[PDB]
Amino acid sequence: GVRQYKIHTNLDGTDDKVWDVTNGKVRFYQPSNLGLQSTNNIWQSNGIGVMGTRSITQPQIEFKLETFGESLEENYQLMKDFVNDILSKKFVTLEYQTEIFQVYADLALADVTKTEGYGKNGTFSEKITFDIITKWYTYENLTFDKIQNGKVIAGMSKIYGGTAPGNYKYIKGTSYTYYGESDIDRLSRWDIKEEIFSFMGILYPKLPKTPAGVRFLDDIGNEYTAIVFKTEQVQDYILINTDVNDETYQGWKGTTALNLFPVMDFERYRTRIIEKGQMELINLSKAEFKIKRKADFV
Amino acid sequence: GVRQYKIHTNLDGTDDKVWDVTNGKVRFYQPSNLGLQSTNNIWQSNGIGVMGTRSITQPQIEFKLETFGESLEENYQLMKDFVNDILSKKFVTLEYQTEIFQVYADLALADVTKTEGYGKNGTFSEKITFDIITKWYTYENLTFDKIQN
Amino acid sequence: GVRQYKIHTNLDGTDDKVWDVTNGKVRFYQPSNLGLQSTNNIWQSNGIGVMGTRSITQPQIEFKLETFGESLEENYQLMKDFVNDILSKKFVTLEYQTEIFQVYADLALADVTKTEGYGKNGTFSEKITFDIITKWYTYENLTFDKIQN
Amino acid sequence: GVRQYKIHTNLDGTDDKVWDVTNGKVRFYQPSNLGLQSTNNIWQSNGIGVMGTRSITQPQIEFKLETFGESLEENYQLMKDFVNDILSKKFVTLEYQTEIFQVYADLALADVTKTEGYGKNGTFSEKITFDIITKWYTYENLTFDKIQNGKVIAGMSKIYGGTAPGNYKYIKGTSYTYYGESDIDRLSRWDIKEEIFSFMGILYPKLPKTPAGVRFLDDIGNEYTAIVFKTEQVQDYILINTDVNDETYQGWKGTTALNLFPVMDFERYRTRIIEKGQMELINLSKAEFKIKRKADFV
Ligand SMILES: [Sr+2]
Ligand SMILES: [Sr+2]
Ligand SMILES: [Sr+2]
Ligand SMILES: [Sr+2]
């Protein structure tokens, strides 16, 4: 029903800490602006209008930060904890949640205030300002799709059935339509339907010393970018993050984390921006993905 | 009788989508300025005035955008839809309609606001600013004339 | 957690109709006074104080009655229904509910207002006044007790 | 969709001039109070509350009266016309109309203002106050109800049918149910379902010198009130109005109007307030009724 605001230390991460700015002790209220500003570069000659390029500018969000402590002691620990947790991580993910959507925004701390105007049991009413890194991005799970064989029908499919030594008739429209492929279980598509910017991936390699990772194909089946690593031993899994702020390329074997960046194919990794088409898995047994697409206004 | 404000995605186009900002769920109210500004380049020599060329400058129109949803869910879907539709097309055609005229102005999204100051059933009252591409033009059918004996 | 206000037509009765003035379409907000006034009859002779009898006086409760309808049609049916239901029964039971208590108060309709200051989709913001018959009474179940050997 | 306010000089009368205070040149805006006040007579003994009788009091309605003339001459011409039309009739009828209801009020002019603060073309913005006579009453057309014969069914109805000499069977539940009544066209009920206060009936009498007029039956088929007149000649129609303020009891014959007050039965006419039951026509060929019924809050 009502709106939910959550503050994450490091999202897409095991060491995540979540703060309920809607329900918890530290609450965010009255956001300054959740919209957008755009500068379209429209210059007009003799009444006729010429339009340039629109550079969508995102404005700082200022929240009325309130604390709900029981004692002056509690209210002071509440501010010290919340503000330092935001400082410990270089950037904080603000989740906007409603009946229709669940968007996220990466914010850096711009300004926080601390004053001595306390109400009852030392409660704070302050203003917290944030700088926009990226406004509104959907964090969704990206899974492969499977292809299934169509059922066999007499007269409709290619079979030599009924009376010996079999028959199949050429009809007009109904004629003969192939049933399905022998072992259709080999076809798997990882469909990229809309343009994506950054992603979290867990790749399970098959063979050691063979380039392991992912490649990206466009609508015409041409490779544009590929994150591939040539390791010495079989990594249990490779943890790859395409996010610009905290790029991660680490191979995992047991409890040991290895920096896979120098082993990577620098030539094949041409771009981070994934286009419409499909993703192919190179030398992988299994793969788990978390896709994050941007949305200007939500 | 009264004034009508339509918002077209692509006027003259097969993929046109029309928003009634005078009757529909998403409404435009109190336009900032519908007039014009002009810079005449008047230079004066010894008290005598000489006039150059008038550059008619068009100013940004700011509307008091209101949403008429039945639930918090409706009002959010109206903001998530109306604003993105204006963003999907590089420019949007605003139609001014009255008893005497039906002019059109090509707008580009300059600024839109979203705040948590809601009324009843999550009602929205925000300010939407547009940049002027071309102010007031008549979109009309052009046909040949026949000559009779 | 939060406070619940309910309006009953006839409580302790089969023909009861309940209105959620906290959650429903017709809502009660900002009660004027939920406390009490007392006149103790204290007259003082030469600095010494003599106290009579305290006649605890109960004051009228005035609520900011708001409607949450989807259309002008709905908002008008909402007021016509709620006010006539209060009129049909000679007195209405107002239930005060919280984490700690569930009290009830018998009220007669003192004053209700209807004005043409409608917001969005014809929503009402009016003041409803009630006269106190009996303020705060606990409605509990009275059962016998058994004796064991 | 939107609300319609209308002012009537003489509702229920031929000389009814209607002023559209929602659409017309003279407009009513911002009604002060359309609600109600009540005095419940609550006396309290030892903390326990005893409730008396509720006197529902109606408050004055004050409208922001605006004029929409084209010249100073037209605006002065509206103020003079609108206010004198209200003064010509002892009381004026308001019409509160919406998508769901159409209620009426009987107002009396309490206060009207005339000032020299003219807007554009001699525009007027003045406050008009009204005193409440009757607040919210429905004005509806009351008609009799007709009774129709039920259809004849084999085995279900009382008939001697099929194989000779006719047979009707006693069954359990289905048995024999009578079809209808011979000459069921004689049965006509003028139904009264809710308590009514005043009415404007046009009575068409049959026989001269025989008491002609309506009588009212309660739920047990007894008489409480009756408006009955004994005329010397056949009146073409008797016009009866039960309105307290302007009671009319006139017998029209041709173009001549006759006062029927002294000819009326004073003992039979016990009350004006009509109760739940039915109306009976005494010595009447035809009847046309308009029933007005009160509603405290609408
Ligand atoms: Sr991260
Ligand atoms: Sr176009
Ligand atoms: Sr009772
Ligand atoms: Sr009359």
# chains A, B, ... in the order shown; residues from 1 in each chain; ligands from 1
call {"tool": "residues_near_ligand", "arguments": {"ligand": "ligand 4", "cutoff": "10 Å", "atoms": "only C-alpha atoms and all ligand atoms", "output": "ChimeraX atom specification"}}
result
/D:8-16,89-93,200,241-243,245-248
call {"tool": "residues_near_ligand", "arguments": {"ligand": "ligand 3", "cutoff": "10 Å", "atoms": "only C-alpha atoms and all ligand atoms", "output": "JSON list (two decimals) with N, CA, C and O atoms, in the first residue's frame"}}
result
[["chain", "number", "residue", "atom", "x", "y", "z"],
["C", 8, "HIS", "N", -20.83, 2.78, 15.93],
["C", 8, "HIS", "CA", -21.84, 1.73, 15.96],
["C", 8, "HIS", "C", -23.22, 2.35, 15.97],
["C", 8, "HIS", "O", -23.45, 3.29, 16.73],
["C", 9, "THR", "N", -24.16, 1.81, 15.16],
["C", 9, "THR", "CA", -25.54, 2.30, 15.11],
["C", 9, "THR", "C", -26.22, 1.92, 16.42],
["C", 9, "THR", "O", -26.43, 2.78, 17.27],
["C", 10, "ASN", "N", -26.46, 0.62, 16.63],
["C", 10, "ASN", "CA", -27.00, 0.11, 17.88],
["C", 10, "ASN", "C", -26.10, -1.03, 18.33],
["C", 10, "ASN", "O", -26.11, -2.08, 17.71],
["C", 11, "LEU", "N", -25.29, -0.82, 19.39],
["C", 11, "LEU", "CA", -24.42, -1.85, 19.96],
["C", 11, "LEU", "C", -25.29, -2.73, 20.85],
["C", 11, "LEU", "O", -26.45, -2.39, 21.10],
["C", 12, "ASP", "N", -24.80, -3.90, 21.28],
["C", 12, "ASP", "CA", -25.56, -4.86, 22.09],
["C", 12, "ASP", "C", -26.84, -5.20, 21.32],
["C", 12, "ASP", "O", -27.90, -5.45, 21.88],
["C", 13, "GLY", "N", -26.71, -5.15, 20.00],
["C", 13, "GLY", "CA", -27.86, -5.38, 19.14],
["C", 13, "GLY", "C", -27.54, -6.07, 17.84],
["C", 13, "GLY", "O", -26.51, -5.81, 17.22],
["C", 14, "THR", "N", -28.48, -6.92, 17.40],
["C", 14, "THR", "CA", -28.42, -7.71, 16.17],
["C", 14, "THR", "C", -28.37, -6.87, 14.90],
["C", 14, "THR", "O", -27.74, -7.29, 13.93],
["C", 15, "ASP", "N", -29.04, -5.70, 14.89],
["C", 15, "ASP", "CA", -29.11, -4.79, 13.75],
["C", 15, "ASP", "C", -27.98, -3.76, 13.78],
["C", 15, "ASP", "O", -28.20, -2.62, 13.36],
["C", 16, "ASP", "N", -26.81, -4.13, 14.33],
["C", 16, "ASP", "CA", -25.68, -3.21, 14.41],
["C", 16, "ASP", "C", -25.03, -3.02, 13.05],
["C", 16, "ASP", "O", -24.99, -3.95, 12.25],
["C", 89, "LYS", "N", -30.92, 6.00, 14.42],
["C", 89, "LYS", "CA", -30.83, 5.52, 15.81],
["C", 89, "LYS", "C", -30.81, 6.76, 16.69],
["C", 89, "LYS", "O", -30.12, 7.72, 16.35],
["C", 90, "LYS", "N", -31.55, 6.76, 17.83],
["C", 90, "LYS", "CA", -31.61, 7.92, 18.74],
["C", 90, "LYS", "C", -30.24, 8.32, 19.33],
["C", 90, "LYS", "O", -30.04, 9.50, 19.64],
["C", 91, "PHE", "N", -29.30, 7.36, 19.43],
["C", 91, "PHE", "CA", -27.95, 7.57, 19.95],
["C", 91, "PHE", "C", -26.96, 6.59, 19.33],
["C", 91, "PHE", "O", -27.32, 5.45, 19.05],
["C", 92, "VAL", "N", -25.70, 7.03, 19.15],
["C", 92, "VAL", "CA", -24.62, 6.25, 18.53],
["C", 92, "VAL", "C", -23.42, 6.01, 19.46],
["C", 92, "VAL", "O", -23.00, 6.92, 20.17],
["C", 93, "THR", "N", -22.93, 4.76, 19.49],
["C", 93, "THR", "CA", -21.82, 4.36, 20.34],
["C", 93, "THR", "C", -20.49, 4.53, 19.62],
["C", 93, "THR", "O", -20.26, 3.92, 18.58],
["C", 106, "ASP", "N", -21.53, 6.76, 24.45],
["C", 106, "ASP", "CA", -22.82, 6.99, 23.80],
["C", 106, "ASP", "C", -22.98, 8.46, 23.44],
["C", 106, "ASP", "O", -22.94, 9.31, 24.33]]
call {"tool": "select_by_dssp", "arguments": {"residues": "chain C", "states": "strand (DSSP E)", "output": "number ranges by chain"}}
result
C: 4-8, 18-20, 26-29, 37-39, 42-45, 48-51, 55-57, 61-67, 92-97, 102-112, 125-137
call {"tool": "closest_atom_pairs", "arguments": {"of": "chain C", "to": "chain B", "cutoff": "9 Å", "atoms": "only C-alpha atoms", "output": "tab-separated table"}}
result
residue	atom	partner	partner_atom	distance
C:67	CA	B:120	CA	8.8
C:68	CA	B:120	CA	6.6
C:69	CA	B:70	CA	7.9
C:70	CA	B:70	CA	5.2
C:71	CA	B:70	CA	8.4
C:119	CA	B:120	CA	8.8
C:120	CA	B:68	CA	6.8
C:121	CA	B:68	CA	7.2
C:123	CA	B:120	CA	8.1
call {"tool": "residues_around", "arguments": {"residues": "residue 112 of chain B", "least_positions_apart": "5", "cutoff": "10 Å", "atoms": "only C-alpha atoms", "output": "PyMOL selection string"}}
result
(chain A and resi 33-38+297) or (chain B and resi 62-63+65+83+126-130)
call {"tool": "write_last_selection", "arguments": {"atoms": "N, CA and C atoms", "output": "tab-separated table (two decimals), in the first residue's frame"}}
result
chain	number	residue	atom	x	y	z
A	33	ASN	N	13.13	16.61	-4.11
A	33	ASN	CA	12.67	16.36	-5.47
A	33	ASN	C	13.04	14.96	-5.89
A	34	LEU	N	12.07	14.23	-6.42
A	34	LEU	CA	12.26	12.86	-6.92
A	34	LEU	C	12.15	12.83	-8.45
A	35	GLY	N	11.84	13.99	-9.03
A	35	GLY	CA	11.69	14.19	-10.47
A	35	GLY	C	13.01	14.33	-11.20
A	36	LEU	N	13.03	15.16	-12.25
A	36	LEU	CA	14.23	15.40	-13.06
A	36	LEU	C	14.20	16.74	-13.75
A	37	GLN	N	15.39	17.24	-14.11
A	37	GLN	CA	15.57	18.48	-14.87
A	37	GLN	C	16.23	18.09	-16.19
A	38	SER	N	15.84	18.74	-17.28
A	38	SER	CA	16.43	18.44	-18.59
A	38	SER	C	16.73	19.72	-19.36
A	297	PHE	N	12.87	8.57	-15.08
A	297	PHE	CA	11.78	8.97	-14.18
A	297	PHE	C	10.90	7.79	-13.85
B	62	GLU	N	5.15	26.81	-17.62
B	62	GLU	CA	5.12	26.02	-16.40
B	62	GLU	C	3.66	25.79	-16.01
B	63	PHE	N	3.26	24.51	-15.95
B	63	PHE	CA	1.91	24.09	-15.59
B	63	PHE	C	1.84	23.46	-14.21
B	65	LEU	N	0.65	20.70	-12.64
B	65	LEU	CA	0.23	19.35	-13.00
B	65	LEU	C	-0.42	18.64	-11.82
B	83	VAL	N	4.78	11.07	-17.56
B	83	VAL	CA	6.13	11.62	-17.65
B	83	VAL	C	7.04	10.80	-18.57
B	126	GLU	N	1.99	18.90	-8.55
B	126	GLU	CA	3.38	19.19	-8.91
B	126	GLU	C	3.48	20.19	-10.06
B	127	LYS	N	4.68	20.79	-10.25
B	127	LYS	CA	4.93	21.76	-11.32
B	127	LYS	C	5.76	21.16	-12.45
B	128	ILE	N	5.25	21.27	-13.68
B	128	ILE	CA	5.89	20.76	-14.89
B	128	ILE	C	6.26	21.94	-15.80
B	129	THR	N	7.55	22.05	-16.14
B	129	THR	CA	8.06	23.13	-16.98
B	129	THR	C	8.48	22.57	-18.33
B	130	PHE	N	8.15	23.29	-19.41
B	130	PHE	CA	8.49	22.91	-20.77
B	130	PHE	C	9.25	24.00	-21.49
call {"tool": "residues_around", "arguments": {"residues": "residue 152 of chain D", "least_positions_apart": "2", "cutoff": "9 Å", "atoms": "only C-alpha atoms", "output": "VMD selection string"}}
result
chain D and resid 150 154 156 to 159 178 to 180
call {"tool": "interface_residues", "arguments": {"of": "chain B", "to": "chain A", "cutoff": "6 Å", "atoms": "only C-alpha atoms", "output": "ChimeraX atom specification"}}
result
/B:73,80,110-116,133-134
call {"tool": "write_last_selection", "arguments": {"atoms": "C-alpha atoms", "output": "tab-separated table (two decimals), in the first residue's frame"}}
result
chain	number	residue	atom	x	y	z
B	73	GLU	CA	-1.42	2.90	-6.87
B	80	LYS	CA	5.19	6.84	-14.08
B	110	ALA	CA	12.45	21.19	-19.14
B	111	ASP	CA	11.62	20.22	-15.48
B	112	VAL	CA	9.16	17.90	-13.64
B	113	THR	CA	8.73	17.61	-9.85
B	114	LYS	CA	7.81	14.63	-7.64
B	115	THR	CA	7.18	15.19	-3.88
B	116	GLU	CA	5.61	13.24	-0.96
B	133	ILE	CA	10.57	24.64	-29.77
B	134	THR	CA	7.92	26.41	-31.96
